[PDB]
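Structure file start-v9.pdb with PDB, C-alpha atoms and all ligand atoms:
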ATOM      1  CA  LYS A   1      -6.129  -6.550  42.811  1.00  0.00           C
ATOM      2  CA  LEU A   2      -6.241  -8.137  39.386  1.00  0.00           C
ATOM      3  CA  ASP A   3      -3.175  -9.933  38.043  1.00  0.00           C
ATOM      4  CA  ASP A   4      -1.525  -8.171  35.135  1.00  0.00           C
ATOM      5  CA  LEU A   5      -0.384  -9.428  31.808  1.00  0.00           C
ATOM      6  CA  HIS A   6       3.307  -8.816  31.541  1.00  0.00           C
ATOM      7  CA  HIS A   7       4.076  -9.731  27.923  1.00  0.00           C
ATOM      8  CA  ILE A   8       2.781 -11.725  24.978  1.00  0.00           C
ATOM      9  CA  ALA A   9       5.057 -13.732  22.686  1.00  0.00           C
ATOM     10  CA  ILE A  10       3.565 -14.393  19.260  1.00  0.00           C
ATOM     11  CA  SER A  11       4.974 -16.460  16.431  1.00  0.00           C
ATOM     12  CA  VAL A  12       6.396 -14.694  13.403  1.00  0.00           C
ATOM     13  CA  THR A  13       8.145 -15.990  10.279  1.00  0.00           C
ATOM     14  CA  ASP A  14      10.691 -13.184   9.916  1.00  0.00           C
ATOM     15  CA  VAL A  15      11.718 -10.992  12.861  1.00  0.00           C
ATOM     16  CA  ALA A  16      13.163  -7.992  11.019  1.00  0.00           C
ATOM     17  CA  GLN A  17      10.190  -7.939   8.646  1.00  0.00           C
ATOM     18  CA  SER A  18       7.841  -8.035  11.647  1.00  0.00           C
ATOM     19  CA  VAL A  19       9.643  -5.298  13.583  1.00  0.00           C
ATOM     20  CA  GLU A  20       9.433  -3.112  10.491  1.00  0.00           C
ATOM     21  CA  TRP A  21       5.709  -3.708  10.240  1.00  0.00           C
ATOM     22  CA  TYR A  22       4.765  -3.196  13.905  1.00  0.00           C
ATOM     23  CA  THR A  23       6.853  -0.055  14.368  1.00  0.00           C
ATOM     24  CA  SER A  24       5.471   1.543  11.206  1.00  0.00           C
ATOM     25  CA  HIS A  25       1.864   0.861  12.255  1.00  0.00           C
ATOM     26  CA  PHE A  26       2.146   1.410  15.987  1.00  0.00           C
ATOM     27  CA  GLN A  27       3.610   3.931  18.348  1.00  0.00           C
ATOM     28  CA  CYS A  28       5.975   1.598  20.137  1.00  0.00           C
ATOM     29  CA  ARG A  29       9.642   1.218  20.984  1.00  0.00           C
ATOM     30  CA  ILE A  30      12.081  -1.492  19.974  1.00  0.00           C
ATOM     31  CA  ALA A  31      13.445  -2.671  23.336  1.00  0.00           C
ATOM     32  CA  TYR A  32      15.443  -5.645  22.010  1.00  0.00           C
ATOM     33  CA  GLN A  33      16.087  -7.319  18.653  1.00  0.00           C
ATOM     34  CA  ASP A  34      18.214  -9.969  16.993  1.00  0.00           C
ATOM     35  CA  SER A  35      17.579 -12.624  14.350  1.00  0.00           C
ATOM     36  CA  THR A  36      15.544 -15.026  16.521  1.00  0.00           C
ATOM     37  CA  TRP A  37      13.245 -12.749  18.528  1.00  0.00           C
ATOM     38  CA  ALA A  38      12.384  -9.104  19.166  1.00  0.00           C
ATOM     39  CA  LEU A  39      10.666  -7.169  21.939  1.00  0.00           C
ATOM     40  CA  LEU A  40       8.431  -4.158  21.363  1.00  0.00           C
ATOM     41  CA  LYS A  41       7.414  -1.920  24.261  1.00  0.00           C
ATOM     42  CA  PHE A  42       3.801  -0.715  24.154  1.00  0.00           C
ATOM     43  CA  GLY A  43       2.144   1.535  26.739  1.00  0.00           C
ATOM     44  CA  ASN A  44       0.658  -1.176  28.904  1.00  0.00           C
ATOM     45  CA  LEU A  45       2.878  -4.178  28.205  1.00  0.00           C
ATOM     46  CA  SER A  46       5.473  -5.576  25.835  1.00  0.00           C
ATOM     47  CA  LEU A  47       5.073  -7.704  22.716  1.00  0.00           C
ATOM     48  CA  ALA A  48       7.698 -10.278  21.821  1.00  0.00           C
ATOM     49  CA  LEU A  49       7.942 -11.321  18.178  1.00  0.00           C
ATOM     50  CA  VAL A  50       9.389 -14.845  18.143  1.00  0.00           C
ATOM     51  CA  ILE A  51      10.768 -17.578  15.880  1.00  0.00           C
ATOM     52  CA  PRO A  52       8.999 -20.469  17.609  1.00  0.00           C
ATOM     53  CA  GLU A  53      11.920 -22.828  16.959  1.00  0.00           C
ATOM     54  CA  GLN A  54      14.210 -20.429  18.847  1.00  0.00           C
ATOM     55  CA  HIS A  55      11.747 -18.976  21.394  1.00  0.00           C
ATOM     56  CA  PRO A  56       8.269 -20.511  21.837  1.00  0.00           C
ATOM     57  CA  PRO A  57       5.172 -18.321  21.876  1.00  0.00           C
ATOM     58  CA  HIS A  58       3.425 -17.797  25.199  1.00  0.00           C
ATOM     59  CA  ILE A  59       1.579 -15.302  27.336  1.00  0.00           C
ATOM     60  CA  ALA A  60       2.981 -14.124  30.659  1.00  0.00           C
ATOM     61  CA  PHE A  61       1.032 -12.943  33.695  1.00  0.00           C
ATOM     62  CA  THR A  62       2.091 -11.580  37.034  1.00  0.00           C
ATOM     63  CA  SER A  63       0.982 -13.770  39.932  1.00  0.00           C
ATOM     64  CA  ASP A  64       1.466 -13.517  43.680  1.00  0.00           C
ATOM     65  CA  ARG A  65       1.327 -17.325  43.668  1.00  0.00           C
ATOM     66  CA  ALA A  66       3.596 -18.125  40.714  1.00  0.00           C
ATOM     67  CA  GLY A  67       5.656 -20.465  42.900  1.00  0.00           C
ATOM     68  CA  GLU A  68       2.635 -22.575  43.801  1.00  0.00           C
ATOM     69  CA  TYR A  69       2.400 -23.683  40.168  1.00  0.00           C
ATOM     70  CA  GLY A  70       6.033 -24.344  39.389  1.00  0.00           C
ATOM     71  CA  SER A  71       9.582 -23.734  40.486  1.00  0.00           C
ATOM     72  CA  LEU A  72      10.693 -20.223  39.563  1.00  0.00           C
ATOM     73  CA  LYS A  73      13.581 -19.975  37.107  1.00  0.00           C
ATOM     74  CA  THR A  74      15.927 -16.999  37.323  1.00  0.00           C
ATOM     75  CA  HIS A  75      16.604 -15.257  34.024  1.00  0.00           C
ATOM     76  CA  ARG A  76      19.575 -13.256  32.809  1.00  0.00           C
ATOM     77  CA  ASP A  77      17.695  -9.978  33.249  1.00  0.00           C
ATOM     78  CA  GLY A  78      17.040 -10.745  36.904  1.00  0.00           C
ATOM     79  CA  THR A  79      13.335 -11.573  36.726  1.00  0.00           C
ATOM     80  CA  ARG A  80      11.834 -14.852  37.956  1.00  0.00           C
ATOM     81  CA  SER A  81       9.163 -16.974  36.280  1.00  0.00           C
ATOM     82  CA  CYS A  82       7.950 -20.520  35.667  1.00  0.00           C
ATOM     83  CA  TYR A  83       6.031 -22.137  32.818  1.00  0.00           C
ATOM     84  CA  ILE A  84       2.884 -24.212  32.715  1.00  0.00           C
ATOM     85  CA  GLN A  85       0.227 -24.961  30.091  1.00  0.00           C
ATOM     86  CA  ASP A  86      -3.464 -24.223  30.090  1.00  0.00           C
ATOM     87  CA  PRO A  87      -5.964 -27.030  29.281  1.00  0.00           C
ATOM     88  CA  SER A  88      -5.527 -26.370  25.533  1.00  0.00           C
ATOM     89  CA  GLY A  89      -1.740 -26.587  25.426  1.00  0.00           C
ATOM     90  CA  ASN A  90      -0.986 -22.856  25.391  1.00  0.00           C
ATOM     91  CA  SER A  91       2.228 -21.873  27.104  1.00  0.00           C
ATOM     92  CA  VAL A  92       1.580 -19.669  30.128  1.00  0.00           C
ATOM     93  CA  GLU A  93       4.372 -17.991  32.088  1.00  0.00           C
ATOM     94  CA  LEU A  94       3.929 -16.814  35.665  1.00  0.00           C
ATOM     95  CA  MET A  95       6.259 -13.972  36.535  1.00  0.00           C
ATOM     96  CA  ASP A  96       7.412 -13.385  40.086  1.00  0.00           C
ATOM     97  CA  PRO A  97       6.274  -9.803  40.881  1.00  0.00           C
ATOM     98  CA  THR A  98       9.071  -9.418  43.442  1.00  0.00           C
ATOM     99  CA  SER A  99      11.649  -9.994  40.697  1.00  0.00           C
ATOM    100  CA  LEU A 100      10.354  -7.121  38.599  1.00  0.00           C
TER
ATOM    101  CA  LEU B   1       5.825  10.365  21.708  1.00  0.00           C
ATOM    102  CA  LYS B   2       2.811   8.563  23.206  1.00  0.00           C
ATOM    103  CA  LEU B   3       2.850   4.761  23.021  1.00  0.00           C
ATOM    104  CA  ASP B   4      -0.151   2.717  21.843  1.00  0.00           C
ATOM    105  CA  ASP B   5      -1.706   0.059  24.083  1.00  0.00           C
ATOM    106  CA  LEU B   6      -2.610  -3.553  23.561  1.00  0.00           C
ATOM    107  CA  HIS B   7      -6.304  -3.505  24.220  1.00  0.00           C
ATOM    108  CA  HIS B   8      -7.015  -7.230  24.237  1.00  0.00           C
ATOM    109  CA  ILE B   9      -5.732 -10.584  23.090  1.00  0.00           C
ATOM    110  CA  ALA B  10      -7.901 -13.465  21.966  1.00  0.00           C
ATOM    111  CA  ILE B  11      -6.233 -16.881  22.174  1.00  0.00           C
ATOM    112  CA  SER B  12      -7.597 -20.177  20.876  1.00  0.00           C
ATOM    113  CA  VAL B  13      -8.832 -22.789  23.344  1.00  0.00           C
ATOM    114  CA  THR B  14     -10.416 -26.211  22.744  1.00  0.00           C
ATOM    115  CA  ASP B  15     -13.089 -25.775  25.430  1.00  0.00           C
ATOM    116  CA  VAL B  16     -14.290 -22.440  26.826  1.00  0.00           C
ATOM    117  CA  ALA B  17     -15.825 -23.706  30.093  1.00  0.00           C
ATOM    118  CA  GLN B  18     -12.752 -25.626  31.219  1.00  0.00           C
ATOM    119  CA  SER B  19     -10.399 -22.819  30.144  1.00  0.00           C
ATOM    120  CA  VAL B  20     -12.393 -20.252  32.128  1.00  0.00           C
ATOM    121  CA  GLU B  21     -12.085 -22.467  35.206  1.00  0.00           C
ATOM    122  CA  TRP B  22      -8.340 -22.854  34.773  1.00  0.00           C
ATOM    123  CA  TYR B  23      -7.577 -19.145  34.287  1.00  0.00           C
ATOM    124  CA  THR B  24      -9.903 -17.980  37.031  1.00  0.00           C
ATOM    125  CA  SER B  25      -8.299 -20.532  39.326  1.00  0.00           C
ATOM    126  CA  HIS B  26      -4.686 -19.591  38.569  1.00  0.00           C
ATOM    127  CA  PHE B  27      -5.122 -15.834  38.363  1.00  0.00           C
ATOM    128  CA  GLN B  28      -6.911 -12.939  39.976  1.00  0.00           C
ATOM    129  CA  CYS B  29      -9.137 -11.974  37.070  1.00  0.00           C
ATOM    130  CA  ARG B  30     -12.802 -11.217  36.524  1.00  0.00           C
ATOM    131  CA  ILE B  31     -15.164 -12.961  34.142  1.00  0.00           C
ATOM    132  CA  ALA B  32     -16.696 -10.170  32.131  1.00  0.00           C
ATOM    133  CA  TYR B  33     -18.549 -12.300  29.554  1.00  0.00           C
ATOM    134  CA  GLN B  34     -18.988 -15.980  28.738  1.00  0.00           C
ATOM    135  CA  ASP B  35     -20.731 -18.349  26.320  1.00  0.00           C
ATOM    136  CA  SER B  36     -20.005 -21.799  24.872  1.00  0.00           C
ATOM    137  CA  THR B  37     -18.015 -20.165  22.065  1.00  0.00           C
ATOM    138  CA  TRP B  38     -15.860 -17.631  23.949  1.00  0.00           C
ATOM    139  CA  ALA B  39     -15.237 -15.763  27.215  1.00  0.00           C
ATOM    140  CA  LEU B  40     -13.703 -12.443  28.266  1.00  0.00           C
ATOM    141  CA  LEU B  41     -11.504 -12.243  31.323  1.00  0.00           C
ATOM    142  CA  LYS B  42     -10.640  -8.883  32.789  1.00  0.00           C
ATOM    143  CA  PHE B  43      -7.092  -8.591  34.128  1.00  0.00           C
ATOM    144  CA  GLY B  44      -5.460  -5.442  35.462  1.00  0.00           C
ATOM    145  CA  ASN B  45      -4.093  -3.934  32.290  1.00  0.00           C
ATOM    146  CA  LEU B  46      -6.091  -5.599  29.483  1.00  0.00           C
ATOM    147  CA  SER B  47      -8.647  -8.276  28.731  1.00  0.00           C
ATOM    148  CA  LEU B  48      -7.971 -11.837  27.652  1.00  0.00           C
ATOM    149  CA  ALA B  49     -10.402 -13.593  25.357  1.00  0.00           C
ATOM    150  CA  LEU B  50     -10.659 -17.369  25.197  1.00  0.00           C
ATOM    151  CA  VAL B  51     -12.181 -18.297  21.870  1.00  0.00           C
ATOM    152  CA  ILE B  52     -13.182 -21.375  19.954  1.00  0.00           C
ATOM    153  CA  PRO B  53     -11.276 -20.515  16.751  1.00  0.00           C
ATOM    154  CA  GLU B  54     -14.013 -21.788  14.462  1.00  0.00           C
ATOM    155  CA  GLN B  55     -16.449 -19.218  15.913  1.00  0.00           C
ATOM    156  CA  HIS B  56     -14.298 -16.265  16.899  1.00  0.00           C
ATOM    157  CA  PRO B  57     -10.822 -15.843  15.364  1.00  0.00           C
ATOM    158  CA  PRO B  58      -7.752 -15.376  17.606  1.00  0.00           C
ATOM    159  CA  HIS B  59      -6.123 -11.957  17.304  1.00  0.00           C
ATOM    160  CA  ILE B  60      -4.372  -9.125  19.094  1.00  0.00           C
ATOM    161  CA  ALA B  61      -6.062  -5.741  19.342  1.00  0.00           C
ATOM    162  CA  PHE B  62      -4.217  -2.430  19.666  1.00  0.00           C
ATOM    163  CA  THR B  63      -5.571   1.024  20.255  1.00  0.00           C
ATOM    164  CA  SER B  64      -4.494   3.287  17.408  1.00  0.00           C
ATOM    165  CA  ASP B  65      -5.040   6.934  16.624  1.00  0.00           C
ATOM    166  CA  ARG B  66      -4.628   5.938  12.986  1.00  0.00           C
ATOM    167  CA  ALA B  67      -6.822   2.832  12.885  1.00  0.00           C
ATOM    168  CA  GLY B  68      -9.024   4.298  10.146  1.00  0.00           C
ATOM    169  CA  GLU B  69      -5.899   4.879   8.059  1.00  0.00           C
ATOM    170  CA  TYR B  70      -5.310   1.121   7.762  1.00  0.00           C
ATOM    171  CA  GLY B  71      -8.837  -0.120   7.226  1.00  0.00           C
ATOM    172  CA  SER B  72     -12.477   0.898   7.263  1.00  0.00           C
ATOM    173  CA  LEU B  73     -13.747   1.135  10.850  1.00  0.00           C
ATOM    174  CA  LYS B  74     -16.681  -1.039  11.910  1.00  0.00           C
ATOM    175  CA  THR B  75     -19.015  -0.001  14.699  1.00  0.00           C
ATOM    176  CA  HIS B  76     -19.587  -3.089  16.826  1.00  0.00           C
ATOM    177  CA  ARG B  77     -22.785  -3.623  18.795  1.00  0.00           C
ATOM    178  CA  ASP B  78     -21.077  -2.345  21.959  1.00  0.00           C
ATOM    179  CA  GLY B  79     -20.459   1.037  20.336  1.00  0.00           C
ATOM    180  CA  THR B  80     -16.714   0.594  19.877  1.00  0.00           C
ATOM    181  CA  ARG B  81     -15.113   0.653  16.426  1.00  0.00           C
ATOM    182  CA  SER B  82     -12.194  -1.229  14.845  1.00  0.00           C
ATOM    183  CA  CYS B  83     -10.658  -2.609  11.642  1.00  0.00           C
ATOM    184  CA  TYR B  84      -8.754  -5.851  11.125  1.00  0.00           C
ATOM    185  CA  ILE B  85      -5.519  -6.143   9.168  1.00  0.00           C
ATOM    186  CA  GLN B  86      -2.781  -8.839   9.026  1.00  0.00           C
ATOM    187  CA  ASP B  87       0.863  -8.728  10.023  1.00  0.00           C
ATOM    188  CA  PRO B  88       3.498 -10.141   7.602  1.00  0.00           C
ATOM    189  CA  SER B  89       3.126 -13.649   9.054  1.00  0.00           C
ATOM    190  CA  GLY B  90      -0.659 -13.546   8.748  1.00  0.00           C
ATOM    191  CA  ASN B  91      -1.363 -12.882  12.425  1.00  0.00           C
ATOM    192  CA  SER B  92      -4.699 -11.135  12.750  1.00  0.00           C
ATOM    193  CA  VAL B  93      -4.355  -7.578  14.051  1.00  0.00           C
ATOM    194  CA  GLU B  94      -7.288  -5.478  15.205  1.00  0.00           C
ATOM    195  CA  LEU B  95      -6.894  -1.710  15.484  1.00  0.00           C
ATOM    196  CA  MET B  96      -9.183   0.128  17.902  1.00  0.00           C
ATOM    197  CA  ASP B  97     -10.487   3.659  17.437  1.00  0.00           C
ATOM    198  CA  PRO B  98      -9.557   5.257  20.799  1.00  0.00           C
ATOM    199  CA  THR B  99     -12.386   7.803  20.582  1.00  0.00           C
ATOM    200  CA  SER B 100     -14.881   4.896  20.441  1.00  0.00           C
ATOM    201  CA  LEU B 101     -13.779   3.451  23.758  1.00  0.00           C
TER
HETATM  202 NI    NI C 201       8.435 -14.641  28.418  1.00  0.00          NI
HETATM  203 NI    NI C 202     -11.275  -8.328  19.142  1.00  0.00          NI
END
As structure tokens, please, write out the structure in this file.
Amino acid sequence: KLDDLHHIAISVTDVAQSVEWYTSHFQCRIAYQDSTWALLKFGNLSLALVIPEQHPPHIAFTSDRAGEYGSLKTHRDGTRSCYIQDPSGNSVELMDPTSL
Amino acid sequence: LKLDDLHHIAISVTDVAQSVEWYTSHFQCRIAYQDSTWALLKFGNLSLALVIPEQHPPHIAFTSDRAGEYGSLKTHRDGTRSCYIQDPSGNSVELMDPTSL
């Protein structure tokens, strides 16, 4: 039972400009969008386009042991996750599968 | 109608050996490939690549029925094919020919 990626947040310089580009190149759906970040649903996961000042980039995994690495925070959408960094300084989020 | 997939992500790390240890410790994932310049970790729904940026550039790869419409496809040693374009912010984007997978 391999852990899954849940979503990847990459830095962009202009959210509307990015959403225009990704949706014209890729078969995807705009799940959420304002002026500081956007979320694009793909078939196997979702891609957040983020202004790093407003929403830092990161990669999120599901983990049965997310709690063992940090205290789970509850988000407005009802899911639970915590953040850590890998040895390089990359932001890694561990989603609580039970909160999905 | 049918959504495209993210096929893999390659993120920059400072040290491939240590990064492999960390990810394989924190997550249920399989090492699929590894050298001193990069590694490929198999998760459930895609693969994660850990690259030294100066050897293998970080990028996100998507499967696309129209990959060849955006750039000339390149058959890689492993048989698969893909082009590389750039998003407005300069993020490297690889498009995979689904028939080559
Ligand atoms: Ni997140
Ligand atoms: Ni690639």
Selection result for the PyMOL selection byres (((not hetatm)) within 10 of (chain C and resi 201)) on this file, as a count of residues only: 23
Between CA of residue 38 in chain B and CA of residue 61 in chain B, distance in Å (one decimal): 16.1 Å
Expected selection as a VMD selection string for ligand NI 202 (chain C) within 8 Å, only C-alpha atoms and all ligand atoms: chain B and resid 8 to 10 59 to 61 94
Neighbours of chain B in chain A at 9 Å, counting all atoms listed in the file, as an MDAnalysis selection string: chainID A and resid 1:6 8 10:14 17:18 21:22 25:29 41:47 61:66 69 86:90
C-alpha atoms of the current selection, written as a tab-separated table (two decimals), in the frame of the given file:
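Below you can see result08.tsv, which holds the result:
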chain	number	residue	atom	x	y	z
A	1	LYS	CA	-6.13	-6.55	42.81
A	2	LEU	CA	-6.24	-8.14	39.39
A	3	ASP	CA	-3.18	-9.93	38.04
A	4	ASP	CA	-1.52	-8.17	35.14
A	5	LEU	CA	-0.38	-9.43	31.81
A	6	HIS	CA	3.31	-8.82	31.54
A	8	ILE	CA	2.78	-11.72	24.98
A	10	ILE	CA	3.56	-14.39	19.26
A	11	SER	CA	4.97	-16.46	16.43
A	12	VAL	CA	6.40	-14.69	13.40
A	13	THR	CA	8.14	-15.99	10.28
A	14	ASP	CA	10.69	-13.18	9.92
A	17	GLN	CA	10.19	-7.94	8.65
A	18	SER	CA	7.84	-8.04	11.65
A	21	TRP	CA	5.71	-3.71	10.24
A	22	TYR	CA	4.76	-3.20	13.90
A	25	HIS	CA	1.86	0.86	12.26
A	26	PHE	CA	2.15	1.41	15.99
A	27	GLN	CA	3.61	3.93	18.35
A	28	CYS	CA	5.98	1.60	20.14
A	29	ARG	CA	9.64	1.22	20.98
A	41	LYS	CA	7.41	-1.92	24.26
A	42	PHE	CA	3.80	-0.72	24.15
A	43	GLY	CA	2.14	1.54	26.74
A	44	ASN	CA	0.66	-1.18	28.90
A	45	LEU	CA	2.88	-4.18	28.20
A	46	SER	CA	5.47	-5.58	25.84
A	47	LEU	CA	5.07	-7.70	22.72
A	61	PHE	CA	1.03	-12.94	33.70
A	62	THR	CA	2.09	-11.58	37.03
A	63	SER	CA	0.98	-13.77	39.93
A	64	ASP	CA	1.47	-13.52	43.68
A	65	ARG	CA	1.33	-17.32	43.67
A	66	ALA	CA	3.60	-18.12	40.71
A	69	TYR	CA	2.40	-23.68	40.17
A	86	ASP	CA	-3.46	-24.22	30.09
A	87	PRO	CA	-5.96	-27.03	29.28
A	88	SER	CA	-5.53	-26.37	25.53
A	89	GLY	CA	-1.74	-26.59	25.43
A	90	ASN	CA	-0.99	-22.86	25.39
Top pick for closest residue to residue 53 in chain A, considering A:19, A:68, A:79, A:35 and counting only C-alpha atoms: A:35
Surrounding residues of residue 34 in chain B excluding itself and chain neighbours under 6 positions, 10 Å, all atoms listed in the file, as a list in words: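 Close residues of residue 34 in chain B: residues 16, 17, 20, 40, 41, 49, 50 and 51 of chain B.
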Selected residues written out, C-alpha atoms, as an mmCIF file, keeping the file's coordinate frame:
data_model
loop_
_atom_site.group_PDB
_atom_site.id
_atom_site.type_symbol
_atom_site.label_atom_id
_atom_site.label_comp_id
_atom_site.auth_asym_id
_atom_site.auth_seq_id
_atom_site.Cartn_x
_atom_site.Cartn_y
_atom_site.Cartn_z
ATOM 1 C CA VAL B 16 -14.290 -22.440 26.826
ATOM 2 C CA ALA B 17 -15.825 -23.706 30.093
ATOM 3 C CA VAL B 20 -12.393 -20.252 32.128
ATOM 4 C CA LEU B 40 -13.703 -12.443 28.266
ATOM 5 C CA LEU B 41 -11.504 -12.243 31.323
ATOM 6 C CA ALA B 49 -10.402 -13.593 25.357
ATOM 7 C CA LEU B 50 -10.659 -17.369 25.197
ATOM 8 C CA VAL B 51 -12.181 -18.297 21.870
#
Atomic separation - CA of residue 56 in chain B relative to CA of residue 32 in chain B, Å: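 For CA of residue 32 in chain B relative to CA of residue 56 in chain B, the distance reads 16.6 Å.
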Just add N, CA and C atoms to range 86-99 of chain A and send it as a tab-separated table (two decimals), in the coordinates of the input.
chain	number	residue	atom	x	y	z
A	86	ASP	N	-2.04	-24.25	29.80
A	86	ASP	CA	-3.46	-24.22	30.09
A	86	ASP	C	-4.09	-25.52	29.52
A	87	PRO	N	-5.41	-25.73	29.70
A	87	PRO	CA	-5.96	-27.03	29.28
A	87	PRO	C	-5.91	-27.28	27.77
A	88	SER	N	-5.60	-26.26	26.99
A	88	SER	CA	-5.53	-26.37	25.53
A	88	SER	C	-4.12	-26.63	25.01
A	89	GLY	N	-3.12	-26.41	25.85
A	89	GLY	CA	-1.74	-26.59	25.43
A	89	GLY	C	-0.97	-25.29	25.21
A	90	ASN	N	-1.62	-24.16	25.49
A	90	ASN	CA	-0.99	-22.86	25.39
A	90	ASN	C	0.05	-22.68	26.47
A	91	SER	N	1.19	-22.09	26.12
A	91	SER	CA	2.23	-21.87	27.10
A	91	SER	C	1.94	-20.62	27.92
A	92	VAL	N	1.93	-20.76	29.24
A	92	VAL	CA	1.58	-19.67	30.13
A	92	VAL	C	2.71	-19.48	31.12
A	93	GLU	N	3.26	-18.28	31.19
A	93	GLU	CA	4.37	-17.99	32.09
A	93	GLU	C	3.91	-17.15	33.26
A	94	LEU	N	4.35	-17.50	34.46
A	94	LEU	CA	3.93	-16.81	35.66
A	94	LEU	C	5.11	-16.08	36.26
A	95	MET	N	5.13	-14.76	36.09
A	95	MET	CA	6.26	-13.97	36.53
A	95	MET	C	6.17	-13.73	38.02
A	96	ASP	N	7.33	-13.73	38.68
A	96	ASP	CA	7.41	-13.38	40.09
A	96	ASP	C	7.46	-11.87	40.23
A	97	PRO	N	6.38	-11.26	40.75
A	97	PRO	CA	6.27	-9.80	40.88
A	97	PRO	C	7.44	-9.18	41.66
A	98	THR	N	8.01	-9.93	42.60
A	98	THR	CA	9.07	-9.42	43.44
A	98	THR	C	10.37	-9.29	42.65
A	99	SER	N	10.44	-9.98	41.51
A	99	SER	CA	11.65	-9.99	40.70
A	99	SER	C	11.59	-8.97	39.58
